[PDB]
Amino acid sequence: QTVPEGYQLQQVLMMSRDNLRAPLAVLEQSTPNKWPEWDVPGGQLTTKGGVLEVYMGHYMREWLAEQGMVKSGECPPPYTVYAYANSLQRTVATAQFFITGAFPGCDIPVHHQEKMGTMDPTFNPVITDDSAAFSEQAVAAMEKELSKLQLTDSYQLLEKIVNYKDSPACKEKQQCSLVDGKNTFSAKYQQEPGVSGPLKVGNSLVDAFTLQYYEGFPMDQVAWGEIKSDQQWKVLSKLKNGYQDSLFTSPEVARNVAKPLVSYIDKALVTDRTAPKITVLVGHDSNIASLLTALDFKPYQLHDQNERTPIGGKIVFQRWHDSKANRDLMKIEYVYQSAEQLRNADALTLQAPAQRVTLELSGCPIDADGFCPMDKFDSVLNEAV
């Protein structure tokens, strides 16, 4: 929040993911209960998700205006803001809501490749190394990452919540447990790192419950009212976070699958002394997770949030101009909404701000004010490519 004297914000790039969506229904076979209905088809952005993106867009507009990047009440000059989303409905819609919330009444288009419904290679977290050595090390890293996690209590709580014993996947079986199930990881070329087993089942169930919570469903219709404490949410979130960490937090997988994004960021921020002053990239949680590991971010902890890359969350890269020393500096923040802010659709203003956490690259150590030298930042980006 503190800006040293003489510092002028010059450039900003935001790495974002799709907002609150309808789950793509594992969900039916894992429970006898009836899942509550959604207003939108599965995989599409919900109206609440668009509203949450609008609020975040307005806050980002207020913050940018406070730092002199754009003038509040006037549309920025043409080509000042560049919005780029993956060619999926939820990513394009997320970008549209954010841009309209940030610059209502301006003519700022959301760029995307023509083939809608297909992944854009820039946002496609697929493996591009076809060598056998890569796949062996990648799978080993995923299993090593999963080995650190203790998910037995999470599986037990999930089985109790969904009544797993009476589910279609359990009939004809005397004992039916996800605790003893085996997880098999995959690291195939031109495909995303995946996993089969109880990890995927638990991730899908807890993700569905998380989306129900943020959507604003009555509490008795969120996991059928079975989640009764914050600790239970924390125990269940281990499954979602463990799924994400195993697949995209291993450094071997992350440096390969996130290569197009790091290349785009290095091109758009470092070797871009030309022009886009505000860049908004709308991808997926996988892109953010792999990017965080690829750039060797230090570990961080979000407040009032049990996810690592939650909806509405954005990684804001900020190039600042130190006027006294005539040098550029880099400051990176995670600007996100708390669980309460998401569920309640709280308005975000400078007085009632979104949550902010200063991030740090292992290669770009931050000072007491969260800034690090721009040359070390470009060095890290060039070493990652």
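Note that residue numbering follows the sequence shown and begins at 1.
Q: Using the PDB record, quantify the missing residues of the deposited sequence between residue 274 and residue 275 as none, 1 to 3, 4 to 9, or 10 or more.
A: Gap between residue 274 and residue 275: 1 to 3 unmodelled residues.
Q: Mean C-alpha B-factor higher for 148-156, or for 280-288?
A: Mean CA B-factor is higher for 148-156.
Q: Determine, for stretches 265-273 and 118-126, which one has the higher mean CA B-factor as deposited.
A: Higher of the two, by average CA B-factor, is 265-273.
Q: With respect to the C-alpha temperature factors reported in the PDB entry, which of 99, 85, 311, 169 ranks highest?
A: Highest C-alpha B-factor among the listed residues goes to 169.
Q: Looking at 14, 368, 25, 20, which has the highest CA B-factor as recorded?
A: The record points to 25.
Q: Just say lowest, middle or highest third for the CA B-factor of residue 61 relative to the other modelled residues in its chain.
A: Ranked within chain, residue 61 CA B lands in the lowest tercile.
Q: Name the third of the chain's ranked CA B-factors that contains residue 185, choosing lowest, middle or highest.
A: For residue 185, whose C-alpha B-factor we compare with every modelled residue in the chain, the answer is the middle third.
Q: For residue 372, does the deposited CA B-factor place it in the lowest, middle or highest third of the chain?
A: For residue 372, whose C-alpha B-factor we compare with every modelled residue in the chain, the answer is the middle third.
Q: State the tercile, meaning the lowest, middle or highest third, of residue 348 with respect to the CA B-factors recorded for its chain.
A: Bottom third by C-alpha B-factor.
Q: If you rank every modelled residue in this chain by C-alpha B factor, which third holds residue 217: lowest, middle or highest?
A: Its C-alpha B-factor, which the entry lists for residue 217, ranks in the middle third among residues of this chain.
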